[PDB]
Amino acid sequence: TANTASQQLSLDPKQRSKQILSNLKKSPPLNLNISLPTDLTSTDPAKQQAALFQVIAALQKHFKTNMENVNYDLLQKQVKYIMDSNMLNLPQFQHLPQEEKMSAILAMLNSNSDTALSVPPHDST
């Protein structure tokens, strides 16, 4: 049994979130090594958000520079996405291993322009 061809569709983030996860592995090899505390995937929003800001902060610095600051303005966007997406609560993502989860979270974070911080710097002389 096999499928010849099938078109994809994505209008909302909550929906696409399921598709992106299906083709998450497609993403390139990236070793973040960012632990995922239960708080991030807690049951309440308070802990969920509180943790999100943490993981995002560490990722932001490790991305731009270890001694870099924590973009709060952009954080609201990167965090908002995950919030609306509800990936943390979503079982499809909750099933993935702490390791893969990191890739999915980051990967998806690079879906919106506002949260497109994933973009690397610009080495200049």
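Scoring rules and cut-offs
- Residues numbered from 1 in each chain as written, not as in the entry; some residues may be left out.
- Heavy atoms only, no water.
- Core = buried A, V, L, I, M, F, W, Y, C linked by side-chain atoms within 4.5 Å.
- Buried < 20%, exposed > 50% of the residue type's maximum accessible area, 1.4 Å probe, protein only.
- Helix = DSSP H or I, 4+ residues; strand = E, 2+ residues; numbered from the N terminus.
- Contact = heavy atoms within 4.5 Å.
- 1 Å grid on protein atoms, 1.4 Å probe; cavity = no way out; pocket = protein on both sides within 12 Å on 5 of 7 lines; lining within 4 Å.
- Points joined across faces, edges and corners; volume = space filled by probe spheres on them.
- Nonpolar A, V, L, I, M, F, W, Y, C, P; charged D, E, K, R; others polar.

The record names solution NMR as the way this model was obtained.

Draft legend 1. Fine view of the nonpolar core. In terms of nonpolar packing, the biggest core is built from 24 residues, with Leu40, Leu52, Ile56, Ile82, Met87, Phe93 and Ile105 touching the most fellow members. Where this core is concerned, the elements lending two or more residues are α2 (45–64), α3 (72–85) and α5 (98–109). Ranked by the residues each element gives to this core, the list is headed by α5, at six residues. The residues touching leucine 52, leaving out its near neighbours within four places in the chain, are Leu40, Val79, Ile82 and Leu88.

Draft legend 2. Up close: the layout of surface pockets. Taken as a whole, the largest pocket spans an internal volume of roughly 410 Å³. Every residue lining the largest pocket is counted, 17 residues in all, and those nearest its centre are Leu30, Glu99, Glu100, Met102 and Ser103. Here the lining of the largest pocket is composed, by residue class, of eight nonpolar, six polar and three charged. What the second largest pocket holds in volume is close to 170 Å³. If you trace the second largest pocket, you find it lined by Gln8, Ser10, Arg16, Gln19, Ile20, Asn23, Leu24, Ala107 and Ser111. In terms of residue count, the dominant contributor to the lining of the second largest pocket is helix α1 (residues 13–22) (three residues).

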